[PDB]
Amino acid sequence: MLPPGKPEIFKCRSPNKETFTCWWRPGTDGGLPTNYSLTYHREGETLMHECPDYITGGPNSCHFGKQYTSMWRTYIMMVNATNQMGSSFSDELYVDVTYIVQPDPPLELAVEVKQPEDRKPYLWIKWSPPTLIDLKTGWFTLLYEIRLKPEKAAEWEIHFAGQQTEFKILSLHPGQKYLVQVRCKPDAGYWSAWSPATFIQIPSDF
């Protein structure tokens, strides 16, 4: 009996300035929708398009591949919900790919104890950029942060690693086990989630 409630595009994100995805949610207090349609146009165009890929980003999502993605150009977009009883449109959402960038977490976080000769020992942390970011051409630039803590400490230690993919931590407590995570942001944009923890036992003879 009811047409759909007013849906909302509530999130867009680009993992790497080459593609992006948007997510919408059904309005509450309206009918069940049997179809959704996301349409948009771009700044300086008139020409209206459909979402090119409803599958890839999963449920209630529009994914813009490389051939539909560009920077420094506003997307003006809207989703409609329809059933046999009627229809409802979202607010228009204005999106610049430039400002929704959030990389995936860094990969292969590895940690080691190094005890060299007659010089202070250290924790040596190593990682890799998320896959599918193009650092080599200068298209993308990544900065990294490390955090670490033993179980039950009230605070994390944070170490800014800039653009390096390895880092050295000196003063650690001998005998303590530490959880170590890494995350990354673009030069402009949002931090990724933290990577899963790797664990390291700092030995007694430190």
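Quick note: we count residues from 1 along the sequence shown, nothing fancier.
Trainee: Quick check: 44-52 versus 59-67, which has the larger average CA B-factor in the record?
Mentor: Between 44-52 and 59-67, it is 44-52 that shows the higher mean C-alpha B-factor.
Trainee: Which is higher on mean Cα B factor in this entry, 122-130 or 96-104?
Mentor: Taking the mean C-alpha B-factor of 96-104 and of 122-130, the larger value falls to 122-130.
Trainee: Of the options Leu170, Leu143, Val180, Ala153, which has the highest CA B factor as deposited?
Mentor: Of the options given, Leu170 has the highest CA B-factor in the PDB entry.
Trainee: Going by the recorded CA B-factors, say which third of the chain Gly138 sits in, lowest, middle or highest.
Mentor: Ranked within chain, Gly138 CA B lands in the lowest tercile.
Trainee: Within this chain's modelled residues, let me know which third the CA B factor of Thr39 belongs to: lowest, middle or highest.
Mentor: Bottom third by C-alpha B-factor.
Trainee: Based on the deposited C-alpha B factors for this chain, I'd like to know if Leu148 is in the lowest, middle or highest third.
Mentor: As the PDB entry reports it, the C-alpha B-factor of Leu148 lands in the lowest third of its chain.
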